[PDB]
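In what follows, a structure is listed as structure tokens, so that the remarks can point back to it.
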Amino acid sequence: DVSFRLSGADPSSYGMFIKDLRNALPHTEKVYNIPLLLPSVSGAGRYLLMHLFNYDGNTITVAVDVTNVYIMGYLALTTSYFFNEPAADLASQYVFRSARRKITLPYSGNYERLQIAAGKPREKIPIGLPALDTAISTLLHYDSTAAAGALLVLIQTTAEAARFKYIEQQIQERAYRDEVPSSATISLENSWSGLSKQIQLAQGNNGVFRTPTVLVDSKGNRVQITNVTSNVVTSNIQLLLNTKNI
Ligand SMILES: *[C@@H]1O[C@H](CO)[C@@H](O[C@@H]2O[C@H](CO)[C@@H](O)[C@H](O)[C@H]2NC(C)=O)[C@H](O)[C@H]1NC(C)=O
Ligand SMILES: CCCCCCCCCC[C@@H](O)[C@@H](CCCCCC)C(=O)O
């Protein structure tokens, strides 16, 4: 299990949490020095439990699939909550079994469905450590519309930060003040599967992408990523989705 406490949190302690999160994900192989997530894991070992504490010390436990960093559901007091998707239902067979009741959320976990439920794209949802504190508090008491927005915050400040050093740094900059994610942040989130695939395809292609990946940079300009010498590959991406899962 990994843990993060919003009470007394700073860029340093958040950085430690993201390191812990990355380190809790198993790999037997690195591709271009980037850990390669496993094709599959059987049993309860497939799921990592993140213990998150809001400023007041109230807690949720979040279940994360270690093969893809997808949040499947969470526990809030004695109630478990899972996304409306087969992978999450499967997760409910292994985690939070001692919960008194189980609620299935009226949406899947994908960005498009969550944005519809929340009533706004994540371009317009501020993120940061204060937003994460809010998200935790929101998830403690069931409200499906509010929960959609909270989950959009949660996914980006945990899973996406684990996947990209740039996103981790973005959240560290937002330690005491929320701000909507940069277009670069959104771009990286959307391209994680694509980048993971192409980095793996580069293995037998002299470090060259079979298909170029289009990203928006920090300055806000659209750039093409064609090979492994790109800063996105050498410095940014921290975890690779296995091509068996793409
Ligand atoms: C591999 O990727 C790099 C980009 O990371 C490519 O180089 C850039 O491409 C041209 C010059 O060739 C310039 O417009 C850019 O300024 C370069 N960027 C950087 C950061 O140097 C390179 O062309 C690619 N190589 C192959 C074989 O595809
Ligand atoms: C893709 C259609 C159904 C969703 C399948 C699993 C995705 C939900 C699992 C958690 C998810 O929110 C991920 C990030 C979202 C990626 C989906 C956007 C298209 C996560 O928890 O980081």
Side-chain angles (χ1 to χ4, degrees), residues 2 18 21-22 24-25 32 37 46-50 52 60-74 81-92 95 104-118 121-123 125 127 132 135 139 147-164 167-168 171 181 185-196 198-199 201-202 205-215 217-219 221-241 245-246:
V2 297
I18 295 301
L21 177 52
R22 286 167 187 153
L25 307 169
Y32 292 103
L37 297 171
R46 189 181 186 95
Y47 310 103
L48 168 66
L49 306 180
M50 302 197 293
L52 308 170
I60 64 167
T61 304
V62 184
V64 182
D65 182 318
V66 304
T67 71
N68 51 34
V69 215
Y70 294 163
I71 289 169
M72 293 292 95
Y74 56 95
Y81 302 84
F82 295 91
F83 286 121
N84 194 205
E85 62 180 69
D89 184 59
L90 172 58
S92 72
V95 297
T104 306
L105 300 164
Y107 36 78
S108 69
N110 76 78
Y111 277 139
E112 296 284 43
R113 294 296 176 172
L114 282 164
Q115 285 174 175
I116 293 170
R122 60 202 200 275
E123 278 91 343
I125 307 168
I127 60 178
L132 180 55
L139 298 177
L151 289 159
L152 286 167
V153 173
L154 175 71
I155 291 158
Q156 298 181 269
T157 57
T158 63
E160 300 290 14
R163 293 163 178 157
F164 298 99
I167 296 180
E168 176 190 4
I171 308 306
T185 293
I186 303 291
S187 190
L188 293 166
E189 293 171 1
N190 291 337
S191 308
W192 183 62
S193 177
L195 282 164
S196 291
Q198 295 302 322
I199 292 164
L201 300 180
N205 197 227
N206 295 309
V208 178
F209 285 18
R210 295 277 176 187
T211 307
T213 298
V214 186
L215 292 174
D217 62 40
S218 59
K219 188 68 192 286
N221 290 300
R222 155 253 174 256
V223 69
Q224 287 211 324
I225 312 299
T226 56
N227 61 87
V228 295
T229 72
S230 174
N231 285 294
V232 188
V233 183
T234 59
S235 311
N236 197 346
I237 196 161
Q238 299 298 306
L239 304 160
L240 303 176
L241 184 61
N245 296 313
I246 304 168

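Both ligands and their constituent atoms are indexed starting at 1 by order of listing. Counting from 1, the numbers follow the sequence of the chain as shown. Heavy atoms only: backbone and side chains are in, while hydrogens, waters and symmetry mates are out.
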Query raised in the report: Between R113 and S108, what is the shortest heavy-atom contact and its length?
Result: CG-OG, 3.4 Å

Query - Pocket residues of ligand 2, ordered first by chain and then by residue number (heavy-atom cut-off under 4.0 Å) - result: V69, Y70, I71, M72, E85, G109, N110, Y111, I155, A159, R163

Report task. Would you name the heavy atoms of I18 and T158 that are closest together and state the gap between them? Result -> CD1-O, 3.8 Å

Query raised in the report: Does the side chain to side chain contact (heavy atoms under 4.5 Å, CB included) test come out yes or no for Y107 and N84, once each step is laid out?
Result: CA-CA 5 Å; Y107 36 78; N84 194 205; 5.8 Å; no

Query raised in the report: Of the non-hydrogen atoms in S196 and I237, which two are nearest, and what is the gap between them?
Result: OG-CD1, 4.3 Å

Query - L37: which of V66, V69, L240 passes side chain to side chain contact (heavy atoms under 4.5 Å, CB included) - result: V69

Report summary line: For ligand 1, protein residues within the heavy-atom limit of under 4.0 Å are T226, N227, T229, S230

Requested in this report: Flag the pair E160 and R122 as a salt bridge only when some basic side-chain nitrogen lies within less than 4.0 angstrom of an acidic carboxylate oxygen.
Outcome: no

Query raised in the report: Do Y70 and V64 have side-chain heavy atoms sitting under 4.5 Å apart?
Result: no

Report task. Please work out whether the ring planes of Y74 and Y81 are parallel, tilted or perpendicular, with thresholds of 30° and 60°. Result -> parallel

Report task. Output, in order, the C-alpha distance, side-chain angles, deciding distance and verdict of side chain to side chain contact (heavy atoms under 4.5 Å, CB included) for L49 and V2. Result -> CA-CA 7 Å; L49 306 180; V2 297; over 6 Å; no

